[PDB]
Amino acid sequence: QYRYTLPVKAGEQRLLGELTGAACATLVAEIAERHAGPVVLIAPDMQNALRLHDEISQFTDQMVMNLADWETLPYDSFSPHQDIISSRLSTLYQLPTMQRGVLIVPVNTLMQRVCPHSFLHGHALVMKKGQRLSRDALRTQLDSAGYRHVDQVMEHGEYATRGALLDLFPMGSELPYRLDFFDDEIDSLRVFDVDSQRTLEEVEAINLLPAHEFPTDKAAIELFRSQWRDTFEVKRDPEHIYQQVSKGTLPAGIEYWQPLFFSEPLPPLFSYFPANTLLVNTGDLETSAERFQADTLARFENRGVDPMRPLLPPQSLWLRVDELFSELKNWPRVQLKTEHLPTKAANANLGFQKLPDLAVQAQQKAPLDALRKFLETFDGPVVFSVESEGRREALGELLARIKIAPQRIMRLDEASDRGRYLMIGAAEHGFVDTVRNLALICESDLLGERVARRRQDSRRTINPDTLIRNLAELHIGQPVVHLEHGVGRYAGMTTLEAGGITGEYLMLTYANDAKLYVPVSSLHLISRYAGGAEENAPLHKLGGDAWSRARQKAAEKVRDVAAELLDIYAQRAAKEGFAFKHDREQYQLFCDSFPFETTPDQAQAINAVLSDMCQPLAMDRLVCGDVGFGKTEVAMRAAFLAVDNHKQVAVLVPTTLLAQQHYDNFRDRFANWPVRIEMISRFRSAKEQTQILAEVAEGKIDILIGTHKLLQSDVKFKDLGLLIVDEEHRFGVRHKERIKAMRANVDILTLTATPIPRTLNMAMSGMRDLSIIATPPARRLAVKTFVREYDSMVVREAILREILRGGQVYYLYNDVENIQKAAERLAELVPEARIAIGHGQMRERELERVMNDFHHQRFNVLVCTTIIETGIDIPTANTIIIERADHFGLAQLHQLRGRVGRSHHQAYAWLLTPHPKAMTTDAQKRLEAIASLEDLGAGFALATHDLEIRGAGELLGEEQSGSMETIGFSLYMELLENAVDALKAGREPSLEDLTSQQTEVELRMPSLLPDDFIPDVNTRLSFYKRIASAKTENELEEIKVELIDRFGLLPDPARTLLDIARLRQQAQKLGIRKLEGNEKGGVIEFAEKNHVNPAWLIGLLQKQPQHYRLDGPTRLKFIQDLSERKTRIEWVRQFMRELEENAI
Amino acid sequence: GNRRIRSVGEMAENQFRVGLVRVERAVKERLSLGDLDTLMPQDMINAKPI
Ligand SMILES: Nc1ncnc2c1ncn2[C@@H]1O[C@H](COP(=O)(O)OP(=O)(O)OP(=O)(O)O)[C@@H](O)[C@H]1O
Ligand SMILES: [Mg+2]
């Protein structure tokens, strides 16, 4: 027995109470199971409907299905994307006889009118083999369809019923079909010829649906025109929809002139309902129907202008709320509402209390305190409802911390009196079902809230040294403090104009005589001086010296990159690769876990990657494929091959949010195989990194996803076997090579969508392989690009079109300082939306929360910078709005456009531009190019367009994109071959090895052999090797004299390099482990067994307190006026010598 | 009465105006970019396109 009775009568209601969040789901599951007939869930808004479509399906198994609505807005200008109609009609054809299941409609669709009968049981036929129907029923329905009984069916509108076999020549196609009803059932779908009557194919289910929502044939066009001349007025213009339809074409938003085509009023959709449904509500309807009617009326009057393209009244294409509640008194109804309903029949209360304070945080030494104390005091069962599959493991290793191991159940009524279970679904909030004592603890009840940004005391001081009461009496020349800019000199009253207002101002002279005028209405921002130096007061510069001091830096080309890159590649080309082992079935299971199908180009790229990894050479492959084509699953099916040989994949992504997304996706995909995946970035705190690094070094973590924090010289993999650069049109060069440098024979799998020109040319010349991806995966539609001048009405219409569909919006802004004001302005413009700010300059525990909540639909619009430029998935987001698209690269614009789409929904992307009197010519060229290439597979064409204009940079340097007089590939292969042969023969270690054991004497003062001095990169590299490997000062001097002979005078960088290597030679023998230097001083880092006199050390400290300070066990900070580099060098050498004479 | 003379002053002023258009475009972009409250005009205009 159950808790309450369902109603079965005309329109009697049942109010259910107290059902808190994600309990509407379990009630509708219970109702759908206990009811002998359909259940129609009338959600309050499409958003909720979509959410319910995922929640309900978790708690039962009846066919829960939506009703795919036109994703346009009322009286919009876009077509409903014909695929949608192919699923909007089919539902309607089954709806008069569905015998079980749940149909979810919002009131946006519920208030709409739909095709009114006839046309459906006239222009369609859906029939599967499990249609238990007779012959003469089809006979009379085709009779009503107007088909003629022809024994030799050859043309449209013909049917036959002879013996046991039934024939049709349908209105839609040109093929007749044989049916073969047996025993009140259909048994065959024999595609037989127009005349020969010979079966071509036997099928099980047939679909002949009209590809337009309204009839399109000539008679219906004439009817449309006649109704038009009845109601509207025809104007002579080749764009008026009267002449557009008459000429045969269908305009953009033609679906909103639906009722004209039919000459019988559109039925209110309720005629399509079965005999005995049971309308289950959610929230409220007599509040959301009214809101939608008001918005529809607003759109009708808004667009009830424009004599071109006129509109029907909303009564003609929508139910009026009065009619809608005339009809919801014609169905037996159950309302699920979250509040204590008092007492009566047709009313009931289901005790569904909210969960207690469940939250965790790393602040307490016991983080799992709320849960550990709740799960002992709970007599009932507890079901944990984790979100995905992989998240189970991310929740399975967290409840192991308090000795709770959850079984996995399938249906919620498998719970005991006492047990912990978890189930996988999409529920969003918990509940303590105190009726049957059970509890559901959704994963969003373990991550309660974030409460930081609680600040620090005092950002202002009031009435101290200078009250600043200021009834003006100040003299002229008297120093003054502005709170924001510092000390200036008050230079009198003045009068000014400011664009329409004449005001009085105070006159303040800062440094360089740059004057600041402050209003007299706001003189309280100004205080008197306090240092007691009214004659010795300083003077700041307004606006700082950021612009001035930024040119102080550079021009020394402190490091030569050609030698390093040549040595990296030369070490690469020498070592034999690893030839992975491939297990057929043990990778077949990994393939079977993929819930999709590999398109015949993705399965070609995957096969190439595997057959390249299983070769004795070293891969270097680019997987350039257009955005959203499933490039990442190539990385996973290569990562499985790698780590199945115990080989420590390392995935490298160029931003934090992409790192978090890839961490979640990899835990999802590797959710059963014993490979421990971890992510290292700036999200992970310093007590998590210091454990992840220890794990990696010991070799237990087997996939490590990281931002640039990965390549920071403290990350030592045990057995690295595969490197997956993701979104490599970033990273520069040194970041891409900094992981290849430590392990040469590693395999690199370089994933990108628009490769940056250097690594596109270098793929087009054979240095790397290339495996393009085309054939967009399943149901992707090319994103529609629109380029408009910025307009608040355009923004509002775009946002509402997306939101009332239920999706989400990226509103890309790309200016951090003004993004707060931009989000405020947006939230005042569109009150209907929910808006959050996302950019990579927050406290990062706020960015975690923001992009988590975005993934869980807790807000719609995300005002964001270009941190979302790198492959954030979010398959619901289907509208990007680029605020200022004029300054963005072609590759940048393509990646931003690729964020939307990602699923079967047609997704628009707007590139708002400033008004064209201030856009450069190159900007309109870029924008017209990116709007032209609005198709699929456009990524690689755009990349090879960006190359060829930008031109590939140095093949053996930094600076990926630019002409800039590279070295030739034909020269480069010869140079590399010479390096390979000298290296292998010689067997010298890599330059990086000479960097590894190098006692660091980073004194950040240039040290290299200049290019003109030794032009041959190979020979210069040989001197690098022989210098840094010189282990005697005599050997260094022999190098010096040989280099003097072979190339004359020694430039300053060269001789400094020699002296620095000398100091290395000395300090490694001494016990100095890392020595520094700078303009103002430096630090010397000793080893554990050093040759430093500690008595002399304390002597240094106590006779020079202004020069020597110990901060650390071996960190001896020295400070000296090292304003000349030569003085710096002599200082450090003399320091060491003074140490070595006292060495012990 | 239909052909007129533009000597040194008018021609050079035209080129100065051509430069000033690019200057004011750059000024507008630099203003609409962030962090207004610590800008100064010297760090705002470029003396290159004049
Ligand atoms: N063959 C396929 N058929 C259908 N869907 C696919 C197929 N391959 C991938 N997908 C889906 O398409 C989406 C593409 O995301 P994915 O990250 O895999 O590629 P991508 O987005 O191009 O890579 P990146 O994140 O670097 O841009 C994924 O959600 C994936 O589930
Ligand atoms: Mg990727």
# chains A, B, ... in the order shown; residues from 1 in each chain; ligands from 1
call {"tool": "residues_near_ligand", "arguments": {"ligand": "ligand 2", "cutoff": "9 Å", "atoms": "only C-alpha atoms and all ligand atoms", "output": "number ranges by chain"}}
result
A: 628, 630-633, 635, 653, 658, 662, 725-727, 751-753, 870-872
call {"tool": "select_by_dssp", "arguments": {"residues": "chain B", "states": "helix (DSSP H, G or I)", "output": "ChimeraX atom specification"}}
result
/B:8-32,36-38,41-43
call {"tool": "write_last_selection", "arguments": {"atoms": "N, CA, C and O atoms", "output": "compact mmCIF listing (two decimals), in the first residue's frame"}}
result
# COMPACT_ATOMS: atom_id res chain seq x y z
N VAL B 8 51.95 75.53 -48.28
CA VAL B 8 52.56 74.65 -47.28
C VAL B 8 51.65 74.41 -46.09
O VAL B 8 51.50 73.28 -45.62
N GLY B 9 51.03 75.47 -45.58
CA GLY B 9 50.25 75.38 -44.37
C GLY B 9 49.06 74.45 -44.45
O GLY B 9 48.88 73.59 -43.59
N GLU B 10 48.27 74.59 -45.51
CA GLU B 10 47.09 73.75 -45.65
C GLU B 10 47.45 72.29 -45.85
O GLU B 10 46.83 71.41 -45.23
N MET B 11 48.45 72.00 -46.67
CA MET B 11 48.83 70.62 -46.93
C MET B 11 49.34 69.94 -45.67
O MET B 11 48.95 68.81 -45.37
N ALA B 12 50.22 70.61 -44.93
CA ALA B 12 50.76 70.00 -43.73
C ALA B 12 49.72 69.88 -42.64
O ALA B 12 49.75 68.93 -41.86
N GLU B 13 48.78 70.83 -42.58
CA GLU B 13 47.69 70.70 -41.63
C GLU B 13 46.80 69.51 -41.97
O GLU B 13 46.31 68.84 -41.07
N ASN B 14 46.61 69.23 -43.26
CA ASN B 14 45.85 68.04 -43.63
C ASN B 14 46.52 66.77 -43.14
O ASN B 14 45.85 65.87 -42.62
N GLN B 15 47.84 66.67 -43.28
CA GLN B 15 48.54 65.48 -42.79
C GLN B 15 48.52 65.41 -41.28
O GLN B 15 48.43 64.32 -40.70
N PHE B 16 48.60 66.57 -40.61
CA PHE B 16 48.48 66.58 -39.17
C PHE B 16 47.12 66.07 -38.73
O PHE B 16 47.01 65.33 -37.76
N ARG B 17 46.07 66.45 -39.46
CA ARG B 17 44.74 65.96 -39.15
C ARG B 17 44.62 64.46 -39.41
O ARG B 17 43.96 63.75 -38.65
N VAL B 18 45.26 63.98 -40.48
CA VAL B 18 45.28 62.54 -40.74
C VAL B 18 45.91 61.79 -39.59
O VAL B 18 45.41 60.75 -39.16
N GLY B 19 47.01 62.31 -39.06
CA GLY B 19 47.61 61.69 -37.89
C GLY B 19 46.73 61.79 -36.66
O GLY B 19 46.65 60.85 -35.86
N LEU B 20 46.06 62.92 -36.49
CA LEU B 20 45.25 63.13 -35.30
C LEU B 20 44.05 62.20 -35.27
O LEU B 20 43.59 61.85 -34.18
N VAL B 21 43.53 61.80 -36.43
CA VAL B 21 42.44 60.83 -36.43
C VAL B 21 42.90 59.50 -35.83
O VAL B 21 42.20 58.91 -35.01
N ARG B 22 44.07 59.02 -36.23
CA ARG B 22 44.57 57.78 -35.65
C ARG B 22 44.88 57.95 -34.17
O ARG B 22 44.64 57.03 -33.37
N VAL B 23 45.38 59.12 -33.79
CA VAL B 23 45.64 59.38 -32.37
C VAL B 23 44.36 59.29 -31.57
O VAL B 23 44.31 58.65 -30.52
N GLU B 24 43.29 59.91 -32.06
CA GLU B 24 42.06 59.92 -31.27
C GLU B 24 41.39 58.57 -31.28
O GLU B 24 40.73 58.21 -30.30
N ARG B 25 41.55 57.78 -32.34
CA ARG B 25 41.06 56.41 -32.28
C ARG B 25 41.77 55.63 -31.19
O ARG B 25 41.13 54.95 -30.38
N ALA B 26 43.10 55.73 -31.15
CA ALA B 26 43.85 55.02 -30.12
C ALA B 26 43.48 55.51 -28.73
O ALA B 26 43.41 54.71 -27.78
N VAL B 27 43.22 56.81 -28.59
CA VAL B 27 42.80 57.36 -27.31
C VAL B 27 41.46 56.77 -26.89
O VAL B 27 41.26 56.42 -25.72
N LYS B 28 40.53 56.66 -27.83
CA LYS B 28 39.23 56.10 -27.49
C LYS B 28 39.34 54.66 -27.03
O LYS B 28 38.70 54.26 -26.04
N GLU B 29 40.14 53.85 -27.73
CA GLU B 29 40.31 52.47 -27.28
C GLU B 29 40.96 52.42 -25.90
O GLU B 29 40.54 51.64 -25.04
N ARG B 30 41.98 53.24 -25.68
CA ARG B 30 42.67 53.21 -24.40
C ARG B 30 41.76 53.69 -23.27
O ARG B 30 41.90 53.24 -22.13
N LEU B 31 40.82 54.58 -23.57
CA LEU B 31 39.88 55.00 -22.55
C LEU B 31 38.87 53.91 -22.25
O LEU B 31 38.58 53.64 -21.08
N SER B 32 38.33 53.26 -23.28
CA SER B 32 37.33 52.23 -23.05
C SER B 32 37.93 50.99 -22.41
O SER B 32 37.20 50.19 -21.82
N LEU B 36 40.42 53.19 -15.44
CA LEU B 36 40.45 54.61 -15.78
C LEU B 36 41.11 55.44 -14.68
O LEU B 36 41.88 56.36 -14.96
N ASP B 37 40.82 55.12 -13.44
CA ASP B 37 41.12 56.03 -12.34
C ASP B 37 42.58 56.14 -12.02
O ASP B 37 42.89 56.73 -10.98
N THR B 38 43.52 55.61 -12.79
CA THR B 38 44.93 55.91 -12.58
C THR B 38 45.64 56.20 -13.89
O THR B 38 46.88 56.17 -13.95
N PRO B 41 47.15 61.41 -19.31
CA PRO B 41 47.17 61.60 -20.76
C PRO B 41 48.50 61.24 -21.41
O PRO B 41 48.50 60.74 -22.54
N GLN B 42 49.62 61.47 -20.73
CA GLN B 42 50.91 61.11 -21.32
C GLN B 42 51.01 59.62 -21.56
O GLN B 42 51.49 59.18 -22.60
N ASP B 43 50.51 58.83 -20.63
CA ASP B 43 50.48 57.39 -20.81
C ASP B 43 49.27 56.94 -21.60
O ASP B 43 48.88 55.77 -21.50
call {"tool": "select_by_dssp", "arguments": {"residues": "segment 425-503 of chain A", "states": "strand (DSSP E)", "output": "list in words"}}
result
residues 431, 432, 433, 438, 439, 440, 479, 480, 481, 482, 486, 487, 488, 489, 490, 491, 492, 493, 494, 495, 496, 497, 502 and 503 of chain A
call {"tool": "write_last_selection", "arguments": {"atoms": "N, CA and C atoms", "output": "PDB file, in the first residue's frame"}}
result
ATOM      1  N   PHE A 431      17.303  15.291   0.749  1.00  0.00           N
ATOM      2  CA  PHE A 431      16.120  15.368   1.594  1.00  0.00           C
ATOM      3  C   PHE A 431      16.184  14.269   2.630  1.00  0.00           C
ATOM      4  N   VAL A 432      15.718  14.554   3.834  1.00  0.00           N
ATOM      5  CA  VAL A 432      15.482  13.527   4.834  1.00  0.00           C
ATOM      6  C   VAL A 432      14.007  13.174   4.708  1.00  0.00           C
ATOM      7  N   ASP A 433      13.733  12.059   4.056  1.00  0.00           N
ATOM      8  CA  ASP A 433      12.380  11.545   3.940  1.00  0.00           C
ATOM      9  C   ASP A 433      12.040  10.934   5.283  1.00  0.00           C
ATOM     10  N   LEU A 438      14.195   7.500   5.375  1.00  0.00           N
ATOM     11  CA  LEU A 438      15.338   7.429   4.487  1.00  0.00           C
ATOM     12  C   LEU A 438      15.946   8.815   4.323  1.00  0.00           C
ATOM     13  N   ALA A 439      17.128   8.873   3.734  1.00  0.00           N
ATOM     14  CA  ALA A 439      17.754  10.150   3.467  1.00  0.00           C
ATOM     15  C   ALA A 439      18.502  10.068   2.156  1.00  0.00           C
ATOM     16  N   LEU A 440      18.510  11.171   1.426  1.00  0.00           N
ATOM     17  CA  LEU A 440      19.217  11.265   0.161  1.00  0.00           C
ATOM     18  C   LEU A 440      20.167  12.434   0.280  1.00  0.00           C
ATOM     19  N   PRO A 479      51.880  71.509   1.594  1.00  0.00           N
ATOM     20  CA  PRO A 479      51.699  70.105   1.212  1.00  0.00           C
ATOM     21  C   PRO A 479      50.383  69.543   1.714  1.00  0.00           C
ATOM     22  N   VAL A 480      49.869  68.582   0.948  1.00  0.00           N
ATOM     23  CA  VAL A 480      48.515  68.066   1.094  1.00  0.00           C
ATOM     24  C   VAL A 480      48.572  66.592   0.718  1.00  0.00           C
ATOM     25  N   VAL A 481      47.704  65.773   1.309  1.00  0.00           N
ATOM     26  CA  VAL A 481      47.638  64.366   0.945  1.00  0.00           C
ATOM     27  C   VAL A 481      46.271  64.061   0.350  1.00  0.00           C
ATOM     28  N   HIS A 482      46.264  63.641  -0.908  1.00  0.00           N
ATOM     29  CA  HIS A 482      45.127  62.935  -1.467  1.00  0.00           C
ATOM     30  C   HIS A 482      45.237  61.460  -1.112  1.00  0.00           C
ATOM     31  N   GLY A 486      48.622  60.268  -2.945  1.00  0.00           N
ATOM     32  CA  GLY A 486      49.733  60.625  -2.092  1.00  0.00           C
ATOM     33  C   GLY A 486      49.831  62.126  -1.906  1.00  0.00           C
ATOM     34  N   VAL A 487      51.056  62.601  -1.760  1.00  0.00           N
ATOM     35  CA  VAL A 487      51.298  63.986  -1.380  1.00  0.00           C
ATOM     36  C   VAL A 487      51.427  64.859  -2.622  1.00  0.00           C
ATOM     37  N   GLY A 488      50.727  65.984  -2.603  1.00  0.00           N
ATOM     38  CA  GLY A 488      50.854  67.020  -3.601  1.00  0.00           C
ATOM     39  C   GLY A 488      50.942  68.377  -2.943  1.00  0.00           C
ATOM     40  N   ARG A 489      50.886  69.439  -3.733  1.00  0.00           N
ATOM     41  CA  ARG A 489      50.942  70.808  -3.231  1.00  0.00           C
ATOM     42  C   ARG A 489      49.665  71.515  -3.658  1.00  0.00           C
ATOM     43  N   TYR A 490      48.893  71.981  -2.687  1.00  0.00           N
ATOM     44  CA  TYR A 490      47.694  72.752  -2.976  1.00  0.00           C
ATOM     45  C   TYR A 490      48.057  74.088  -3.601  1.00  0.00           C
ATOM     46  N   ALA A 491      47.509  74.365  -4.778  1.00  0.00           N
ATOM     47  CA  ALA A 491      47.877  75.560  -5.526  1.00  0.00           C
ATOM     48  C   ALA A 491      46.665  76.428  -5.831  1.00  0.00           C
ATOM     49  N   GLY A 492      45.617  76.331  -5.025  1.00  0.00           N
ATOM     50  CA  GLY A 492      44.574  77.332  -5.079  1.00  0.00           C
ATOM     51  C   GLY A 492      43.254  76.802  -5.615  1.00  0.00           C
ATOM     52  N   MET A 493      42.220  77.618  -5.442  1.00  0.00           N
ATOM     53  CA  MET A 493      40.947  77.429  -6.112  1.00  0.00           C
ATOM     54  C   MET A 493      41.105  77.675  -7.599  1.00  0.00           C
ATOM     55  N   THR A 494      40.182  77.116  -8.368  1.00  0.00           N
ATOM     56  CA  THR A 494      40.112  77.373  -9.794  1.00  0.00           C
ATOM     57  C   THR A 494      38.701  77.078 -10.260  1.00  0.00           C
ATOM     58  N   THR A 495      38.388  77.514 -11.469  1.00  0.00           N
ATOM     59  CA  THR A 495      37.088  77.268 -12.066  1.00  0.00           C
ATOM     60  C   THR A 495      37.286  76.533 -13.380  1.00  0.00           C
ATOM     61  N   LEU A 496      36.424  75.557 -13.651  1.00  0.00           N
ATOM     62  CA  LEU A 496      36.606  74.715 -14.821  1.00  0.00           C
ATOM     63  C   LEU A 496      35.275  74.403 -15.481  1.00  0.00           C
ATOM     64  N   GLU A 497      35.364  74.023 -16.749  1.00  0.00           N
ATOM     65  CA  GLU A 497      34.267  73.421 -17.482  1.00  0.00           C
ATOM     66  C   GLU A 497      34.563  71.940 -17.660  1.00  0.00           C
ATOM     67  N   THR A 502      29.882  74.163 -15.211  1.00  0.00           N
ATOM     68  CA  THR A 502      30.945  75.007 -14.697  1.00  0.00           C
ATOM     69  C   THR A 502      31.061  74.779 -13.199  1.00  0.00           C
ATOM     70  N   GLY A 503      32.246  74.373 -12.752  1.00  0.00           N
ATOM     71  CA  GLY A 503      32.440  74.023 -11.364  1.00  0.00           C
ATOM     72  C   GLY A 503      33.665  74.704 -10.790  1.00  0.00           C
TER      73      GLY A 503
END
call {"tool": "interface_residues", "arguments": {"of": "chain B", "to": "chain A", "cutoff": "6 Å", "atoms": "only C-alpha atoms", "output": "list in words"}}
result
residues 34, 35, 38, 39 and 40 of chain B
call {"tool": "residues_around", "arguments": {"residues": "residue 637 of chain A", "least_positions_apart": "4", "cutoff": "12 Å", "atoms": "only C-alpha atoms", "output": "VMD selection string"}}
result
chain A and resid 582 586 to 594 598 602 to 603 605 to 610 613 630 to 633 641 to 644 649 666 669 to 670 724 749
call {"tool": "write_last_selection", "arguments": {"atoms": "N, CA and C atoms", "output": "compact mmCIF listing (two decimals), in the first residue's frame"}}
result
# COMPACT_ATOMS: atom_id res chain seq x y z
N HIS A 582 50.26 -3.71 -27.06
CA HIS A 582 48.84 -3.51 -27.29
C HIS A 582 48.08 -4.80 -27.06
N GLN A 586 41.78 -6.16 -23.79
CA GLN A 586 41.95 -5.31 -22.64
C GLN A 586 41.84 -3.84 -23.01
N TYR A 587 41.93 -3.53 -24.29
CA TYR A 587 41.60 -2.22 -24.81
C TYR A 587 40.23 -2.21 -25.47
N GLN A 588 39.71 -3.38 -25.82
CA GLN A 588 38.35 -3.45 -26.31
C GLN A 588 37.36 -3.06 -25.24
N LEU A 589 37.63 -3.44 -24.00
CA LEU A 589 36.74 -3.02 -22.92
C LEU A 589 36.76 -1.51 -22.74
N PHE A 590 37.94 -0.90 -22.85
CA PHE A 590 38.01 0.55 -22.81
C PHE A 590 37.22 1.17 -23.95
N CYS A 591 37.25 0.55 -25.13
CA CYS A 591 36.44 1.07 -26.23
C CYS A 591 34.96 0.93 -25.93
N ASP A 592 34.56 -0.19 -25.35
CA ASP A 592 33.15 -0.43 -25.07
C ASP A 592 32.60 0.54 -24.04
N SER A 593 33.46 1.04 -23.15
CA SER A 593 32.97 2.04 -22.21
C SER A 593 32.63 3.36 -22.87
N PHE A 594 33.00 3.58 -24.12
CA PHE A 594 32.71 4.82 -24.82
C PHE A 594 31.24 4.86 -25.20
N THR A 598 32.78 6.11 -32.84
CA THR A 598 33.89 6.83 -33.44
C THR A 598 33.62 7.06 -34.91
N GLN A 602 37.74 10.11 -36.91
CA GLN A 602 38.25 9.95 -35.57
C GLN A 602 38.80 8.55 -35.35
N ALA A 603 38.13 7.53 -35.86
CA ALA A 603 38.66 6.18 -35.76
C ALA A 603 39.83 5.96 -36.69
N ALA A 605 42.21 8.64 -37.06
CA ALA A 605 43.22 9.28 -36.24
C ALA A 605 43.63 8.40 -35.08
N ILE A 606 42.66 7.73 -34.45
CA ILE A 606 42.98 6.86 -33.32
C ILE A 606 43.83 5.69 -33.77
N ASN A 607 43.50 5.09 -34.91
CA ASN A 607 44.28 3.97 -35.40
C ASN A 607 45.68 4.41 -35.78
N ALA A 608 45.82 5.60 -36.36
CA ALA A 608 47.15 6.11 -36.65
C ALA A 608 47.95 6.36 -35.38
N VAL A 609 47.33 6.94 -34.36
CA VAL A 609 48.04 7.18 -33.11
C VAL A 609 48.49 5.87 -32.48
N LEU A 610 47.63 4.86 -32.47
CA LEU A 610 48.04 3.61 -31.85
C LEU A 610 49.11 2.90 -32.66
N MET A 613 52.29 4.74 -31.83
CA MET A 613 52.83 4.49 -30.51
C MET A 613 53.45 3.11 -30.40
N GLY A 630 35.55 15.91 -31.04
CA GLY A 630 35.96 14.76 -30.27
C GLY A 630 37.44 14.48 -30.33
N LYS A 631 38.27 15.52 -30.32
CA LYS A 631 39.71 15.30 -30.30
C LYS A 631 40.16 14.72 -28.97
N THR A 632 39.42 14.97 -27.90
CA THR A 632 39.87 14.57 -26.58
C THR A 632 39.81 13.06 -26.42
N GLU A 633 38.83 12.42 -27.06
CA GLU A 633 38.73 10.97 -26.92
C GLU A 633 39.87 10.26 -27.62
N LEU A 641 46.41 3.18 -23.85
CA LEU A 641 47.52 2.36 -24.32
C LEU A 641 48.78 2.68 -23.55
N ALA A 642 49.04 3.95 -23.31
CA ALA A 642 50.22 4.32 -22.55
C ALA A 642 50.15 3.74 -21.15
N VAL A 643 49.13 4.08 -20.38
CA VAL A 643 49.18 3.77 -18.95
C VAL A 643 48.89 2.31 -18.69
N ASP A 644 48.38 1.58 -19.67
CA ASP A 644 48.25 0.14 -19.49
C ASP A 644 49.59 -0.57 -19.50
N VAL A 649 51.20 8.83 -18.06
CA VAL A 649 50.82 9.88 -18.99
C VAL A 649 50.96 11.24 -18.30
N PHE A 666 38.60 12.84 -17.15
CA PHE A 666 39.46 11.67 -17.09
C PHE A 666 39.06 10.77 -15.93
N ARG A 669 36.17 8.85 -17.33
CA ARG A 669 36.42 7.82 -18.33
C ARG A 669 37.18 6.65 -17.74
N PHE A 670 38.19 6.92 -16.92
CA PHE A 670 38.94 5.86 -16.26
C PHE A 670 38.33 5.52 -14.91
N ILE A 724 50.64 14.68 -23.47
CA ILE A 724 49.52 15.14 -24.29
C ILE A 724 49.35 16.63 -24.13
N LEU A 749 51.69 13.77 -28.06
CA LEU A 749 50.45 13.76 -28.82
C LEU A 749 49.86 15.14 -28.70
